[PDB]
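# Breakdown of the fold
Take a look at the letters that make up each chain.
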Amino acid sequence: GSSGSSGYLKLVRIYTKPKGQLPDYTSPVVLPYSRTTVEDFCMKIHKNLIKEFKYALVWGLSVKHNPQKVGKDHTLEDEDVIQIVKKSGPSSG
């Protein structure tokens, strides 16, 4: 009944791909299944990343044809690589 204790709470790992650099495969991010989404990861790195986050390139079964452009409403899966890109333009102050 009244849920609350641990149980079917799975954990999915996401391999971030920092532009220019290679995607870390030893220091991935373990996100709670219950909550799995691009907008969910952006937070892990920064609480104001989603503001710059333009799109993400998922690489794996999650998508049929990769790389594939995804938004913040996209669902992340275990053992998946995501390349967080930051908008490119003139920023005032």
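Residues numbered from 1 in each chain as written, not as in the entry; some residues may be left out. Heavy atoms only, no water.

Named according to the PDB entry, the protein chain is Developmentally-regulated GTP-binding protein 1 originating from Homo sapiens.

### Observations regarding the packing of aromatic side chains
If you walk through the whole model with that rule in mind, you get one aromatic pair. A ring pair is formed by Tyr 15 and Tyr 25, whose centres lie 5.1 Å apart and whose planes are at 50°; its orientation type is tilted. Separated by 10 residues along the polypeptide, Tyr 15 in strand β1 (residues 11-16) and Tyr 25 in the loop between β1 and β2 (29-32) bring together distant segments of the chain. In this arrangement the basic side chain of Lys 17 is found over the ring face of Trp 59, its NZ or CZ atom lying 5.9 Å from the centre. (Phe/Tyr/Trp six-rings, centres within 6.5 Å; stacked < 30°, edge-to-face > 60°. Helix = DSSP H or I, 4+ residues; strand = E, 2+ residues; numbered from the N terminus. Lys NZ or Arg CZ within 6 Å of the ring centre and 35° of its normal.)

### A closer look at a positive patch on the surface
Positive charge collects at one region of the surface, where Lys 51, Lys 54, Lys 69 and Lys 87 lie side by side. Along the polypeptide, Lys 87 turns up in the segment after β6 (84-86). Since its relative accessible area comes to 44%, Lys 87 is described here as partly exposed. (Patch = residues over 30% accessible without salt bridge, like charges linked within 9 Å, V, L, I, M, F, W, Y side chains within 5 Å. Areas by Shrake-Rupley, 256 points an atom, 1.4 Å probe, with all protein chains shown as cover. Salt bridge = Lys/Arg side-chain N within 4 Å of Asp/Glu carboxyl O. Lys, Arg positive; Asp, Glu negative; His and termini not counted. Charge placed at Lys NZ, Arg CZ, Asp CG, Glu CD. Buried < 20%, exposed > 50% of the residue type's maximum accessible area, 1.4 Å probe, protein only.)

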